[PDB]
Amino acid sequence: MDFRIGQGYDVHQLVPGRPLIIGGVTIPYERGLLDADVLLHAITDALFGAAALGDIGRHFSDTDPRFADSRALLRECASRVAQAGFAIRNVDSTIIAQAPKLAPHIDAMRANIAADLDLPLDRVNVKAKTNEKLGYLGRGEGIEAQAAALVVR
């Protein structure tokens, strides 16, 4: 068959004054991302990438009247991928954040993502890493997400 891979990347600053929302989940924390859902953006990009449809910013413009939260954008991304003729086979991802502890929220993120993509739960994975106190990530000045997606025509 006609398999394709895509990859995705995103990053946002972490400062006091905003909520922390990752993978559709609000996480109690003294800082927040400037909805800024890094995980969902990275996955969205990975999906557009696999389908060879450009990137998230080309589809969902900052100014566009029609566009909403990152979960809504993920659902629209999936519909556009479906229409291009592709079925999603799996998603894997990594969140790099020095803090807070993300492990408790992983299943919720996975359920949110699988729901939005209409995928069996066992085809969505989310992982978490600190940056070992290195760089802006290790200083808690930002949070990064990475994603990989496999699709088939």
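Residue numbers here begin at 1 and follow the sequence given.
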item	value
At least a third of the other entries leave residue 117 unmodelled	no
Absent coordinates for residue 88 in a third or more of other compared entries	no
Deposited but uncoordinated residues in the residue 99/residue 100 interval	none
Stretch exceeding the other in mean C-alpha B-factor - 24-32, 106-114	24-32
Residue stretch of maximal mean CA temperature factor, 53-61 vs 123-131	53-61
Member of 68, 95, 46, 40 with the greatest C-alpha B factor (per the PDB record)	68
Ranked against its chain, the third holding the CA B-factor of residue 91	lowest
Residue 148 - which third its CA temperature factor falls in, relative to the rest of the chain	lowest
